[PDB]
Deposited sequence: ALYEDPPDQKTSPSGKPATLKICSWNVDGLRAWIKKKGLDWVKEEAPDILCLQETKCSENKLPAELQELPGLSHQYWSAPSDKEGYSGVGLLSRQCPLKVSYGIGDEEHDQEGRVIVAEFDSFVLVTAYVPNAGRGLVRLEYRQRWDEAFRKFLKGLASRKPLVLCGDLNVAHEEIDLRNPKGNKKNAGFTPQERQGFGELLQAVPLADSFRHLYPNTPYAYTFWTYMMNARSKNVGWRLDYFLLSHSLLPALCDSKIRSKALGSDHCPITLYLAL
């Protein structure tokens, strides 16, 4: 029931070396995460691009340590206007993106701080913090409408292949969480969110990088509730993903789950691409 992520594979199936390392992390409160040494772990991981979710932090409140990152000097931040202290995403990059945008169509009016889009030379990167269905599923219908708008937004992008990463807030299949049967009526594992995920993969279209490499591997999770010592018992959920355009699969070296990195109730995930 415990899990050990396999060693990093830094070579593509055809023998090409990885050239791009992307790390994604739901940090559950950026200021808290930094106090718990999250940035020390980022420095050790040394990614080319770092995507963060649930920053819960407007840009003016960013800790100074974030200014002290020479290898991640291009930084883009989004926080909601009417709900500061919740949501918020960030994208930090070694190289400057060609284009950066926010939201999924109307962010200038519906300032939600959930999505950042960055176009690079060879690919487009989207990072997302997908809305939670909430306790008792009170916001499930909103989540379903959001999924539909997100799907259409990703499909409606004006060429290059897509990388989508972040907290998509759903365990796609039973293998993606410890207690599938007890959670069928809970946020993150309803038939509605599971279906929205399958529709995301088919509509865009996208592949689940981790599952593509490790289709039958159980007990691989990226989230554990703080309650009941769930993490120590690896009672968790896989909520964080790297979804790729089909054309990027031959460039895929590995998709990692960094189970040991502490500082949040999610752990980091890391992608290696040979571009």
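According to the record, no C-alpha positions are given for deposited positions 159 alone, numbered from 1.
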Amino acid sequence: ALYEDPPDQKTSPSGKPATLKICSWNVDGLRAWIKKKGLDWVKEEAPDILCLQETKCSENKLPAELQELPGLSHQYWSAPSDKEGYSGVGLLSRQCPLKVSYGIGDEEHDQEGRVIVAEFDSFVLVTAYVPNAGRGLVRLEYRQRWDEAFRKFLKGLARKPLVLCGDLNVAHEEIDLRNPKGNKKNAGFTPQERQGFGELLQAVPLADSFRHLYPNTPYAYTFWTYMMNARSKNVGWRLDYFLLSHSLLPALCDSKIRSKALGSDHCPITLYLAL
From here on, numbers count along this sequence of modelled residues.
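Between two forms, the rigid core is defined as the largest C-alpha subset superposing within 1.5 Å.
Superposing the other copies on the rigid core and comparing 92-100 to 148-156, farther C-alpha placement in 4 other deposited structures of this protein marks 148-156. Put simply, when the other structures in 4 other deposited structures of this protein are lined up on the rigid core, the C-alpha atoms of 58-66 lie farther off than those of the other stretch, from 223-231 and 58-66.
Modelled in this chain, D82 is nonetheless unresolved in at least one third of the other entries of the protein that span it on both sides.
Mean CA temperature factor is higher for 59-67 when stretches 44-52 and 59-67 are set side by side in the entry. For the two regions 98-106 and 122-130, the entry's Cα B-factors average higher over 98-106.
Highest CA B-factor among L243, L239, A32, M228, as stated in the entry: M228. In this entry, the residue among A149, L177, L91, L157 with the greatest C-alpha B factor is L157. For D82, the recorded CA temperature factor ranks within the highest third of the chain's modelled residues. Ranked by Cα temperature factor within the chain, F153 sits in the highest third according to the deposited record. Residue-level temperature factors show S259 in the middle third of its chain, judged at the C-alpha atom. The entry lists a Cα temperature factor for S14 that places it in the highest third of the chain's modelled residues. Per the PDB record, residue ranking by Cα B-factor puts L252 in the middle third of the chain.
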